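This is what each chain is made of:
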Amino acid sequence: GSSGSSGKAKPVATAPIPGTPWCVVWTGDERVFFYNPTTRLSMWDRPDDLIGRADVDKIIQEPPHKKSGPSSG
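- By the naming in the PDB entry, the protein chain goes by Transcription elongation regulator 1 and is assigned to Homo sapiens.
- According to its PDB record, this entry is titled "Solution structure of WW domain in transcription elongation regulator 1".

Remarks on the nonpolar core
Piece 1. The biggest cluster of nonpolar side chains holds 10 residues, and these are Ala13, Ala15, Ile17, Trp22, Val24, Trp26, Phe34, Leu50, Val56 and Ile59.
Piece 2. Ignoring anything within four residues of it in the chain, the contact list for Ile59 reads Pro16, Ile17, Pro18, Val24 and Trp26.

So, the pairing of strand β2 (residues 23-27)
Piece 1. Most of β2 is tucked away: five of the five residues are buried.
Piece 2. What you see with β2 is no split at all: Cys23, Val25 and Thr27 on one side and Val24 and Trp26 on the other are buried throughout.
Piece 3. When strand β1 (residues 11-16) meets β2, the two strands line up antiparallel, connected through five bridges. Along β2, the bridge assignment pairs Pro16 with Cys23.
Piece 4. Hairpin geometry of β1 and β2 is characterised by an intervening segment of six residues between the two adjacent antiparallel strands and by a positive phi of about 85° at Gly19.
Piece 5. Where β2 lies against strand β3 (residues 32-36), four bridges are found, and the strand directions are antiparallel. The partner of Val24 across the bridge, within β3, is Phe34.

A closer look at the sheet that holds β3
Piece 1. Here we have four strands laid out as an open sheet, ordered β1-β2-β3-β4, and antiparallel in their pairing. Two strands close off the open sheet at either side, each with one partner strand: β1 and β4 (41-42).
Piece 2. Here β3 pairs with β4 via two bridges, running antiparallel. Pairing of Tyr35 across the sheet is with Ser42, part of β4.

A word on the packing of aromatic side chains
Piece 1. According to the stated counting rule, one finds two aromatic pairs in the structure shown.
Piece 2. Considering the side-chain rings of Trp22 and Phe34, the 6.5 Å spacing of their centres and the 85° angle between planes classify their relative orientation as edge-to-face. Note that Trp22 is positioned in the loop between β1 and β2 and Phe34 in strand β3, a separation of 12 residues in sequence. Like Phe34, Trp22 is buried.
Piece 3. Measuring from ring centre to ring centre gives 5.8 Å for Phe33 and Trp44, while their planes differ by 55°; the resulting arrangement is tilted. With a gap of 11 residues between them, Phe33 in strand β3 and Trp44 in the loop between β4 and α1 (55-61) connect regions that are remote in the sequence.

Cut-offs applied
Residues numbered from 1 in each chain as written, not as in the entry; some residues may be left out. Heavy atoms only, no water. Core = buried A, V, L, I, M, F, W, Y, C linked by side-chain atoms within 4.5 Å. Buried < 20%, exposed > 50% of the residue type's maximum accessible area, 1.4 Å probe, protein only. Contact = heavy atoms within 4.5 Å. Helix = DSSP H or I, 4+ residues; strand = E, 2+ residues; numbered from the N terminus. Pairing = 2+ DSSP bridges. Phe/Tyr/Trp six-rings, centres within 6.5 Å; stacked < 30°, edge-to-face > 60°.

Structure representation (structure tokens):
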């Protein structure tokens, strides 16, 4: 009677979203999800709680793991 560890992959970078308790988390599969260390909630898509805010987007647009010394570039 269990579902299982949602998704099978470890994150690469994590950053707390401003204003919202959500935290942008990137992965190795050139992806990114939203986590909530306050409500132990972890989704795969952008929840409404964030829908509307620009910050949430900006973060996803320009990830930290990338800047600050690019690997490929």
